[PDB]
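In the block that follows, a single chain appears as structure tokens, in the form deposited in one PDB entry.
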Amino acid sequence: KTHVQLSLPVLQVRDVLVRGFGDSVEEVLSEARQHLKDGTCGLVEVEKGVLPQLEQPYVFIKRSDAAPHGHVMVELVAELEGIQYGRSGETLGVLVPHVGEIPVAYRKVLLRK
């Protein structure tokens, strides 16, 4: 399947134990896709002061379309030193490894895989 229905645990930035996926744009996109498939991926909603508390490169989920079965269609865009790799819509948040942090909510997405 080109798309997969996922329910992503929304984490508070100060709870996050592993604050990024790795050290290159290609590694963070790779690791993000692997964690999404393995159900070990969390989502941090972007506000003032969030991104400086997380590690670059960043992996964003961005709205790719205007929502099957409640699930917003999203794709991955990485960012390193103000340059993005990918072009997509509005940010739904930044992806991080999930290692058992208690979420505040769940975000239903349809991920272009």
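In this text, residue numbers run from 1 along the sequence as written.
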Task: Residues of the deposited sequence that sit between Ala67 and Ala66 yet are not modelled - done: 1 to 3
Task: Of 34-42 and 67-75, the stretch whose C-alpha atoms average the higher B-factor in the entry - done: 67-75
TODO: Pull the Cα B-factor of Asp23 out of the PDB entry and bin it into the chain's lowest, middle or highest third.
DONE: middle
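Absent from the display: the form deposited with a small molecule bound. The rest refers to it.
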TODO: Answer yes if any heavy atom of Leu36 is within 4.5 Å of a heavy atom of the small molecule in the bound PDB entry; otherwise answer no.
DONE: yes
Open item on the list: At 4.5 Å between heavy atoms, is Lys108 in contact with the small molecule in the bound PDB entry?
Closed with: no
